[PDB]
There are 2 protein chains.
Amino acid sequence: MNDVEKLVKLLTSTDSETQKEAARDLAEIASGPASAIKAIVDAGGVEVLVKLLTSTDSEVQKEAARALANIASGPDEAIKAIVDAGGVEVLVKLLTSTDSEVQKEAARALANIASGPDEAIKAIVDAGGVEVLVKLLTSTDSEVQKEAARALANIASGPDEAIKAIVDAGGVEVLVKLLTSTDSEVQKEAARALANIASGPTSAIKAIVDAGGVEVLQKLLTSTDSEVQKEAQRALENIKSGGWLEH
Amino acid sequence: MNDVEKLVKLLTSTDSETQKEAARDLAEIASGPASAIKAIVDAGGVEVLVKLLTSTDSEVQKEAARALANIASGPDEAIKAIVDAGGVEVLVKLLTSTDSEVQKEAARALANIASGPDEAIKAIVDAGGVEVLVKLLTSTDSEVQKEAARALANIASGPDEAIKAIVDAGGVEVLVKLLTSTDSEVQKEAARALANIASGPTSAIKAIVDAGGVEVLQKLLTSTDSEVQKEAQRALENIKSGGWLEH
């Protein structure tokens, strides 16, 4: 066995300390090159990490989720490995963990998965992750809010079905509420999510209009944060086009 | 009125000669910069061109379709203008024109539209364009075959639903048959379409396998055409991954 294969073996230790440490080392390795990530994938690390997500020890869950989130930030092949191992359905369940770090890592992993191919986003939608993520937008934990908003923004950059899922879950109204959040990062992600939702079907534009989103986006044109301004402008222009008709 | 607005006005002439000529000049203008294309769009040219598609004069239809195809090769905003004007449903109908030039231009326009955002591809799928395009893959007209295959390849680069539409229409078997076509251009497009279909759901991989596509792609690894080889290799690697599970 090579070094990565040894770490992956330690993930199966019966000692939480050993498990957490192996997952932590794998997470660090995953934060490196795409080649390092491919090493973990070829070593069967994803399947094992996905199993660790079901650990009764939140510490193990958090570290395994963190490793997968780092892996999910790699090549599409890495993301596909996670999806094919059934990792999305499990990460969606961890979104409701009472442990905030588990929630955060789970959301960050889903957000990274959502930055992948349309098939990766579909996996999240089919797993019912959108409705759960929308609920997390109102988490009392700022970090959880940020990751949830970022995940939704990425999901909204996918196919029509993904945006429709956000709309049906009532996410538009919630995201519009977050446009005036004092948490800069949250506001930026909420603005990007809406700009993306606005490039979808006309029905999504209608939801934005109903939520009074046009008036809120208009005020953000004066935001001192250029990223928020930039997203607000893109969202407004998309709204002006009216979205794509559902024929 | 500016020069483009004048041309767009001539499209409504009662003289086919004037109409054809205006559409032809607009097509030429559209083959230029993105700014030139935006000029036509802002002048309301798309709506008018889409109406000309319903002309009883095949000569007018062909020239209007040609102008729209050139327009569709521009910015996503140009493609959206076509979709929002109901141009896709009409172009789909022209695919079955007995006039080969109309078929070719209609297919080329749809192919260009399909190179756009996922919402543009969805419009084609919802209009039932996939099944019609699959039928055109066996057209006795080589050019029509090429445009149809190119359109399907682009459609296959979209969301899961788009690939599923190709599979349900029996397109996979047909595309595999075209892999051994003597028409280089057709073969290249068929290979790209399959490579794209292979990055979809596992069910699409299964269709490729059933069609005996793995063995045909394997033989193309020896093709003297590097593009075919390159697509065959990509398709084979996608097949090896097994596609994305439908959870």
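Letters A, B, ... are given to chains in the order of the sequence lines, protein chains preceding strands, and every chain is numbered from 1.
Heavy atoms from other residues, nucleotides or ligands lying under 6.0 Å from CD of B:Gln218 number 12 at most. Counting heavy-atom neighbours within 6.0 Å of B:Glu246 CD, excluding the residue itself, gives a total of 12 or less. Counted within 6.0 Å of CD on B:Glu47, heavy atoms from surrounding residues, nucleotides or ligands total more than 12; the atom is thus considered enclosed.
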Assess the residue pair B:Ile29 and B:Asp3 against the criterion (side chain to side chain contact (heavy atoms under 4.5 Å, CB included)); give the C-alpha distance rounded to whole Å, side-chain angles, the decisive distance to 0.1 Å, and a yes or no. CA-CA 11 Å; B:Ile29 293 182; B:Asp3 284 32; over 6 Å; no
In sequence, state the C-alpha distance, the side-chain angles, and the governing distance for A:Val216 and A:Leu194, and then conclude on side chain to side chain contact (heavy atoms under 4.5 Å, CB included). CA-CA 11 Å; A:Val216 180; A:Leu194 288 168; over 6 Å; no
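Nearest heavy-atom pair, B:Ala198 versus B:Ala235, reported as atom, atom and distance to 0.1 Å: CB-O, 3.9 Å. Nearest heavy atoms, B:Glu5 versus B:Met1: OE1-CA, 3.4 Å. The two atoms that bring A:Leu220 and A:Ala232 nearest to each other are CB-CB, 3.9 Å, heavy atoms only. Residues B:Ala34 and B:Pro75 share a closest heavy-atom pair of CB-CG, 3.7 Å. Closest non-hydrogen pair, B:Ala27 versus B:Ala67, comes out as CB-CA, 3.7 Å. Counting all heavy atoms, side chain and backbone alike, B:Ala107 lies closest to B:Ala148 at CB-N, 4.3 Å.
For B:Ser73 (side chain) and B:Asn112 (main-chain N/O), no donor-acceptor pair under 3.5 Å exists by modelled atom type. Checking side-chain atoms of B:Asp76 against main-chain N and O of B:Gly116 turns up no donor-acceptor pair under 3.5 Å.
Rounding to the nearest 0.5 Å gives a distance of 12.0 Å between CG of B:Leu11 and NZ of B:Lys51. Between the CH2 atom of A:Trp244 and the CD1 atom of A:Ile205 there is a distance of 12.0 Å, given to the nearest 0.5 Å. Atoms CD and CD, from B:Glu63 and B:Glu105 in turn, are 7.5 Å apart once rounded to the nearest 0.5 Å. Annotation: the span from B:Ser226 atom OG to B:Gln233 atom CD amounts to 10.5 Å, rounded to 0.5 Å. Here the CZ atom belonging to B:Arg150 is positioned 7.5 Å from the CZ atom belonging to B:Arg108, to the nearest 0.5 angstrom. Rounded to the nearest 0.5 angstrom, B:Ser223 OG and B:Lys188 NZ are separated by 9.5 Å.
Side-chain contact check for B:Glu28 versus B:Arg24: some heavy-atom pair is nearer than 4.5 Å. Side-chain contact check for B:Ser16 versus B:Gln19: some heavy-atom pair is nearer than 4.5 Å. Looking at B:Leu94 and B:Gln61, their side chains come closer than 4.5 Å, going by heavy atoms from C-beta outward. Under the 4.5 Å side-chain criterion, counting only non-hydrogen atoms from C-beta, B:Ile113 is in contact with B:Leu91.
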Listed pairs under 3.5 Å, donor-acceptor, residues 77-85 of chain B side chains, sequence neighbours left out:
{"from": "B:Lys80", "atom 1": "NZ", "to": "A:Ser241", "atom 2": "O", "distance (Å)": "3.3"}
{"from": "B:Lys80", "atom 1": "NZ", "to": "A:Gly243", "atom 2": "O", "distance (Å)": "2.3"}
{"from": "B:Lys80", "atom 1": "NZ", "to": "B:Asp84", "atom 2": "OD2", "distance (Å)": "2.6"}

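Partners of B:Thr96 under the side-chain contact (heavy atoms from CB on, under 4.5 Å) rule, at least two apart in sequence or in another chain, are B:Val132.
We find that B:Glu231 and B:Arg234 are joined by a salt bridge, their nearest charged nitrogen and carboxylate oxygen being less than 4.0 Å apart.
For the salt bridge (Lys or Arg N to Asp or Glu O under 4.0 Å) condition, no pair includes a residue of residues 213-226 of chain A, sequence neighbours left out.
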